[PDB]
Number of protein chains: 4
Amino acid sequence: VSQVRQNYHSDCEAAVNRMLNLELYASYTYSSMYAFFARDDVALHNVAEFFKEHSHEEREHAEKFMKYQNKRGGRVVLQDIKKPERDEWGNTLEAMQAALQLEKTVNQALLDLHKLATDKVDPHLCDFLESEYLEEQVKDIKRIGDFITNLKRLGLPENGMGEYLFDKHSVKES
Amino acid sequence: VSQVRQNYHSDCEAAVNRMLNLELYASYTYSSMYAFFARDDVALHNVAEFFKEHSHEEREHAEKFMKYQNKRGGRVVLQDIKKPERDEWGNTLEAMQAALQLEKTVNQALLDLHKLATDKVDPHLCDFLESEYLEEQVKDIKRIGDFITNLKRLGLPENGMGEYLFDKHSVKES
Amino acid sequence: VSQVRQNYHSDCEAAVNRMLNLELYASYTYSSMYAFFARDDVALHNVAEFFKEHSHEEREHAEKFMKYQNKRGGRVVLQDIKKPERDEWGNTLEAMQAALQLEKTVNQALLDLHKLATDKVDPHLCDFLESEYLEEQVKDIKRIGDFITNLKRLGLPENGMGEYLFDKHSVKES
Amino acid sequence: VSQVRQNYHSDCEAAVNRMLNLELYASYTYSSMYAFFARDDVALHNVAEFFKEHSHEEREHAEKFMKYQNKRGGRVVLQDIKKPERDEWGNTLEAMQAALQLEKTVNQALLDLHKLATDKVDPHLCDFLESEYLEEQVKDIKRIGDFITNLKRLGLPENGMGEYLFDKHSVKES
Ligand SMILES: [Cl-]
Ligand SMILES: [Cl-]
Ligand SMILES: [Cl-]
Ligand SMILES: [Cl-]
Ligand SMILES: [Cl-]
Ligand SMILES: [Cl-]
Ligand SMILES: [Cl-]
Ligand SMILES: [Cl-]
Ligand SMILES: [Cl-]
Ligand SMILES: [Cl-]
Ligand SMILES: [Cl-]
Ligand SMILES: [Cl-]
Ligand SMILES: [Cl-]
Ligand SMILES: [Cl-]
Ligand SMILES: [Cl-]
Ligand SMILES: [Cl-]
Ligand SMILES: [Cl-]
Ligand SMILES: [Cl-]
Ligand SMILES: [Cl-]
Ligand SMILES: [Cl-]
Ligand SMILES: [Cl-]
Ligand SMILES: [Cl-]
Ligand SMILES: [Cl-]
Ligand SMILES: [Cl-]
Ligand SMILES: [Cl-]
Ligand SMILES: [Cl-]
Ligand SMILES: [Cl-]
Ligand SMILES: [Cl-]
Ligand SMILES: [Cl-]
Ligand SMILES: [Cl-]
Ligand SMILES: [Cl-]
Ligand SMILES: [Cl-]
Ligand SMILES: [Cl-]
Ligand SMILES: [Cl-]
Ligand SMILES: [Cl-]
Ligand SMILES: [Cl-]
Ligand SMILES: [Cl-]
Ligand SMILES: [Cl-]
Ligand SMILES: [Cl-]
Ligand SMILES: [Cl-]
Ligand SMILES: [Cl-]
Ligand SMILES: [Cl-]
Ligand SMILES: [Cl-]
Ligand SMILES: [Cl-]
Ligand SMILES: [Cl-]
Ligand SMILES: [Cl-]
Ligand SMILES: [Cl-]
Ligand SMILES: [Cl-]
Ligand SMILES: [Cl-]
Ligand SMILES: [Cl-]
Ligand SMILES: [Cl-]
Ligand SMILES: [Cl-]
Ligand SMILES: [Cl-]
Ligand SMILES: [Cl-]
Ligand SMILES: [Cl-]
Ligand SMILES: [Cl-]
Ligand SMILES: [Cl-]
Ligand SMILES: [Cl-]
Ligand SMILES: [Cl-]
Ligand SMILES: [Cl-]
Ligand SMILES: [Cl-]
Ligand SMILES: [Cl-]
Ligand SMILES: [Cl-]
Ligand SMILES: [Cl-]
Ligand SMILES: [Cl-]
Ligand SMILES: [Cl-]
Ligand SMILES: [Cl-]
Ligand SMILES: [Cl-]
Ligand SMILES: [Cl-]
Ligand SMILES: [Cl-]
Ligand SMILES: [Cl-]
Ligand SMILES: [Cl-]
Ligand SMILES: [Cl-]
Ligand SMILES: [Cl-]
Ligand SMILES: [Cl-]
Ligand SMILES: [Cl-]
Ligand SMILES: [Cl-]
Ligand SMILES: [Cl-]
Ligand SMILES: [Cl-]
Ligand SMILES: [Cl-]
Ligand SMILES: [Cl-]
Ligand SMILES: [Cl-]
Ligand SMILES: [Cl-]
Ligand SMILES: [Cl-]
Ligand SMILES: [Cl-]
Ligand SMILES: [Cl-]
Ligand SMILES: [Cl-]
Ligand SMILES: [Cl-]
Ligand SMILES: [Cl-]
Ligand SMILES: [Cl-]
Ligand SMILES: [Cl-]
Ligand SMILES: [Cl-]
Ligand SMILES: [Cl-]
Ligand SMILES: [Cl-]
Ligand SMILES: [Cl-]
Ligand SMILES: [Cl-]
Ligand SMILES: [Cl-]
Ligand SMILES: [Cl-]
Ligand SMILES: [Cl-]
Ligand SMILES: [Cl-]
Ligand SMILES: [Cl-]
Ligand SMILES: [Cl-]
Ligand SMILES: [Cl-]
Ligand SMILES: [Cl-]
Ligand SMILES: [Cl-]
Ligand SMILES: [Cl-]
Ligand SMILES: [Cl-]
Ligand SMILES: [Cl-]
Ligand SMILES: [Mg+2]
Ligand SMILES: [Mg+2]
Ligand SMILES: [Mg+2]
Ligand SMILES: [Mg+2]
Ligand SMILES: [Mg+2]
Ligand SMILES: [Mg+2]
Ligand SMILES: [Mg+2]
Ligand SMILES: [Mg+2]
Ligand SMILES: [Mg+2]
Ligand SMILES: [Mg+2]
Ligand SMILES: [Mg+2]
Ligand SMILES: [Mg+2]
Ligand SMILES: [Mg+2]
Ligand SMILES: [Mg+2]
Ligand SMILES: [Mg+2]
Ligand SMILES: [Mg+2]
Ligand SMILES: [Mg+2]
Ligand SMILES: [Mg+2]
Ligand SMILES: [Mg+2]
Ligand SMILES: [Mg+2]
Ligand SMILES: [Mg+2]
Ligand SMILES: [Mg+2]
Ligand SMILES: [Mg+2]
Ligand SMILES: [Mg+2]
Ligand SMILES: [Mg+2]
Ligand SMILES: [Mg+2]
Ligand SMILES: [Mg+2]
Ligand SMILES: [Mg+2]
Ligand SMILES: [Mg+2]
Ligand SMILES: [Mg+2]
Ligand SMILES: [Mg+2]
Ligand SMILES: [Mg+2]
């Protein structure tokens, strides 16, 4: 047993390792979306940069779980990072729809970890999730939903002019 | 009943007074460690200053419980502050080991108070503990554990050169 | 065929995807080393930060291969990122020895890609490797070799005081 | 023989003169595109400025070949600069398609000169091409390809509103 460990259940330790992996998986998916939108035959570079920034965010969130594990006296255990589900992402609407689903998947895993922490009477882990993850997660889901609404309004997938305009106005100039 | 009191159980009020006392006790122990390391026949002044700073931190944490009590309409009730368990602290390793145990004792009392607050359905007291105590407590326990690991690596208790080097490199120059 | 593609062999395209994967693999290994050295029972935080910085460097080098692929009209194809070979890294000497081997493995893959680019008469890919990778790779290998020499001089693995001193003097304060 | 000449084949000297001419030819084509887009019955002035800037770039690249020739002890020999292939350029899509082809033609000539330099064992000329031309050439080809993709998305040639929007958003305000 680690000399620092106190009130830290083995199940929570394992679930934090699984969260770490899921954040890395999410980062890698967003990296794939970045590369797709930067293709010469896609060429929506502000959309590409949005996804690149989200990849970096998810990697930072993985790092925060590594540090959490060590602070509690758990032990980081890494697994393979699975490649993304698709190699090509269709268009801005399909990608944003996939991002919404990804963000909801990550949110459900966070919520499930909060349930576990609650069951194991671990208020430090509850706090960590509430303070560092849950709200920023709700904000991301909201933003992507707002984007999907606007992509539909702009006539995606058919309306290429609409897609062009989204890249100029909805996402920040890179 | 205080005019401000709302949703504040008598048991929680009493437990906050006991936490106040425990923080004062912890402060006083750290003060003893400070004085020991500043002795002419010990003379590890950066280690001494580390413990002096921790004494001041614990006193500030006691003050925060006094203010909490008043904000909720409870009543501060003070008890004697017991002298520390030892009059002399051996060496840097023994002191850090005693500090780890002290920090874990304080952590357990915080966690027990969170349990009580949860049982009495007091989310304000839960929040206060999560926001002001639990994380900083985990950080302190981690730091002291890291120090103990390094003191062992440096050959304590036998290796005086190792002890000298810890005071120069691991704790901030005072 | 991409409208931008010119003088870019399919074999080179595939080898760039494999390089991308290898850089991600190297990043992930360095992340594991970071987490290990930040454990409470290891606690060599400057060594940990050295490896964290190298993880970030390798991730940036992966990103540069993604961008290269798109610039040439190739297509990024991602594979799983394999977990590192070890879950725990022994001590600073064992980790640095593993890092040397990793850097040499990456170097050999770069050199092999340069051979391929040369065989396929692709001077743009040769230049990219020479200008962005080969020299920085030689510098990293040299630095890690210098470190191993110093860790041996300091008496690793047995000499814990030596290991402590390396973390204070050889790697930058984090 | 020039007193400075060393390791500089006559064939390479001649090919550098031909490259100089081709860069001047490319400059002149881009100037024609500039003038076309500035016509009162075309009036896409940001597109016009993009082509004017590229004309100036190609002229600068011609000048760099003149200086190279002199530095090696070769002798600049000028030929007529042929007028561009068209007197009118249709619309933004047709012009960008012609620019892509032009950039690929120049790239092929650069690559062919690198082959020649390699055959004549002239590493200075290889370096010059790799360091000053090949990468910037790949970037230009990529940019123009990205533009063509966006012009198609915007409904060119039929969609005049799309063409108007490209001039406002894709090319820098002049
Ligand atoms: Cl525990
Ligand atoms: Cl704890
Ligand atoms: Cl416990
Ligand atoms: Cl507990
Ligand atoms: Cl737990
Ligand atoms: Cl457990
Ligand atoms: Cl696990
Ligand atoms: Cl996992
Ligand atoms: Cl774009
Ligand atoms: Cl830490
Ligand atoms: Cl813990
Ligand atoms: Cl574990
Ligand atoms: Cl993992
Ligand atoms: Cl695995
Ligand atoms: Cl797996
Ligand atoms: Cl995964
Ligand atoms: Cl998907
Ligand atoms: Cl796919
Ligand atoms: Cl998903
Ligand atoms: Cl609970
Ligand atoms: Cl709890
Ligand atoms: Cl949050
Ligand atoms: Cl939401
Ligand atoms: Cl919006
Ligand atoms: Cl529409
Ligand atoms: Cl739709
Ligand atoms: Cl929007
Ligand atoms: Cl009450
Ligand atoms: Cl209240
Ligand atoms: Cl009440
Ligand atoms: Cl209530
Ligand atoms: Cl209460
Ligand atoms: Cl009560
Ligand atoms: Cl009381
Ligand atoms: Cl008391
Ligand atoms: Cl001292
Ligand atoms: Cl007050
Ligand atoms: Cl109250
Ligand atoms: Cl009271
Ligand atoms: Cl008291
Ligand atoms: Cl008393
Ligand atoms: Cl008493
Ligand atoms: Cl006491
Ligand atoms: Cl004691
Ligand atoms: Cl004593
Ligand atoms: Cl204690
Ligand atoms: Cl409750
Ligand atoms: Cl509650
Ligand atoms: Cl806290
Ligand atoms: Cl801790
Ligand atoms: Cl430390
Ligand atoms: Cl020793
Ligand atoms: Cl010992
Ligand atoms: Cl230390
Ligand atoms: Cl090709
Ligand atoms: Cl090319
Ligand atoms: Cl080709
Ligand atoms: Cl070729
Ligand atoms: Cl190639
Ligand atoms: Cl091919
Ligand atoms: Cl591939
Ligand atoms: Cl691969
Ligand atoms: Cl350290
Ligand atoms: Cl690009
Ligand atoms: Cl290419
Ligand atoms: Cl491919
Ligand atoms: Cl990959
Ligand atoms: Cl795979
Ligand atoms: Cl695989
Ligand atoms: Cl891998
Ligand atoms: Cl290994
Ligand atoms: Cl292992
Ligand atoms: Cl290796
Ligand atoms: Cl070659
Ligand atoms: Cl070549
Ligand atoms: Cl380099
Ligand atoms: Cl080297
Ligand atoms: Cl060195
Ligand atoms: Cl030794
Ligand atoms: Cl050895
Ligand atoms: Cl060194
Ligand atoms: Cl010569
Ligand atoms: Cl020469
Ligand atoms: Cl010669
Ligand atoms: Cl020669
Ligand atoms: Cl030559
Ligand atoms: Cl000759
Ligand atoms: Cl000539
Ligand atoms: Cl000519
Ligand atoms: Cl205009
Ligand atoms: Cl000159
Ligand atoms: Cl010469
Ligand atoms: Cl000549
Ligand atoms: Cl000419
Ligand atoms: Cl002529
Ligand atoms: Cl002629
Ligand atoms: Cl000409
Ligand atoms: Cl033409
Ligand atoms: Cl014409
Ligand atoms: Cl052409
Ligand atoms: Cl050669
Ligand atoms: Cl050569
Ligand atoms: Cl270049
Ligand atoms: Cl290109
Ligand atoms: Cl673009
Ligand atoms: Cl249209
Ligand atoms: Cl068309
Ligand atoms: Cl564009
Ligand atoms: Mg132990
Ligand atoms: Mg376990
Ligand atoms: Mg698979
Ligand atoms: Mg909270
Ligand atoms: Mg918050
Ligand atoms: Mg966020
Ligand atoms: Mg999130
Ligand atoms: Mg507009
Ligand atoms: Mg605007
Ligand atoms: Mg009253
Ligand atoms: Mg009472
Ligand atoms: Mg007594
Ligand atoms: Mg509850
Ligand atoms: Mg709660
Ligand atoms: Mg907090
Ligand atoms: Mg603290
Ligand atoms: Mg505390
Ligand atoms: Mg095509
Ligand atoms: Mg292929
Ligand atoms: Mg495996
Ligand atoms: Mg260089
Ligand atoms: Mg480097
Ligand atoms: Mg490298
Ligand atoms: Mg020293
Ligand atoms: Mg020093
Ligand atoms: Mg002469
Ligand atoms: Mg000649
Ligand atoms: Mg003619
Ligand atoms: Mg070079
Ligand atoms: Mg260059
Ligand atoms: Mg250029
Ligand atoms: Mg060029």
Side-chain angles (χ1 to χ4, degrees), chain A residues 35 38-41 87-88, chain C residues 1-21 64-79 113-114 116-132, chain D residues 1-14 16 19 22-23 26 61 68-69 71-75 99-114 116-148:
Chain A
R39 286 165 57 158
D40 77 87
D41 60 359
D87 295 322
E88 71 83 43
Chain C
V1 74
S2 162
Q3 72 196 144
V4 305
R5 200 192 186 102
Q6 185 171 25
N7 195 41
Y8 193 49
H9 199 281
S10 177
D11 294 359
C12 295
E13 177 181 358
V16 162
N17 284 326
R18 292 195 293 278
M19 272 313 306
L20 190 174
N21 188 269
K64 288 171 96 172
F65 279 121
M66 292 181 138
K67 188 170 182 85
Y68 187 86
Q69 190 74 282
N70 275 329
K71 285 167 65 177
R72 293 296 303 272
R75 297 288 166 252
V76 173
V77 179
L78 302 175
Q79 301 302 333
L113 182 49
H114 194 285
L116 177 63
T118 295
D119 178 64
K120 300 307 193 184
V121 200
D122 190 334
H124 185 272
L125 178 50
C126 289
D127 168 74
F128 176 64
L129 297 169
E130 288 166 57
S131 297
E132 298 302 319
Chain D
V1 74
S2 162
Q3 72 196 144
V4 305
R5 200 192 186 102
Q6 185 171 25
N7 195 41
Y8 193 49
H9 199 281
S10 177
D11 294 359
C12 295
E13 177 181 358
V16 162
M19 272 313 306
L22 181 61
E23 284 291 0
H61 288 194
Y68 187 86
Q69 190 74 282
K71 285 167 65 177
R72 293 296 303 272
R75 297 288 166 252
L100 181 61
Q101 182 180 323
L102 178 64
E103 294 294 326
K104 292 184 104 183
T105 294
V106 171
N107 199 35
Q108 189 63 56
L110 293 163
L111 292 170
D112 291 348
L113 182 49
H114 194 285
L116 177 63
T118 295
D119 178 64
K120 300 307 193 184
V121 200
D122 190 334
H124 185 272
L125 178 50
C126 289
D127 168 74
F128 176 64
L129 297 169
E130 288 166 57
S131 297
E132 298 302 319
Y133 296 82
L134 299 185
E135 161 64 10
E136 75 81 28
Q137 203 73 21
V138 160
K139 287 189 286 189
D140 284 316
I141 289 166
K142 177 63 163 63
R143 181 73 155 150
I144 293 160
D146 287 354
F147 288 169
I148 293 164

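Order of the sequence lines sets the chain letters (A, B, ...), proteins ahead of strands, with each chain counted from 1. For ligands, and for the atoms within them, numbers begin at 1 and follow the listed sequence.
- C:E13 contributes a side-chain N or O that, together with a main-chain N or O of C:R75, makes up a donor-acceptor pair within less than 3.5 Å.
- Using modelled atom types, one finds a donor on one side chain and an acceptor on the other under 3.5 Å when comparing C:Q6 with D:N107.
- Residues passing the ring-ring contact (aromatic ring centres under 6.0 Å, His included) test with C:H9: none are found, sequence neighbours excluded.
- Judged purely by atom type and a 3.5 angstrom limit, D:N7 uses its side chain to pair as donor or acceptor with the backbone of D:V121.
- Salt bridge absent: D:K104 and D:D140 never bring a charged side-chain N and a carboxylate O closer than 4.0 Å.
- Here the side chains of D:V138 and C:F128 are not in contact, with every heavy-atom distance at 4.5 Å or above.
- Of all protein atoms, those of element N, O or S that lie under 2.8 Å from the Mg ion (ligand 127) number 1.
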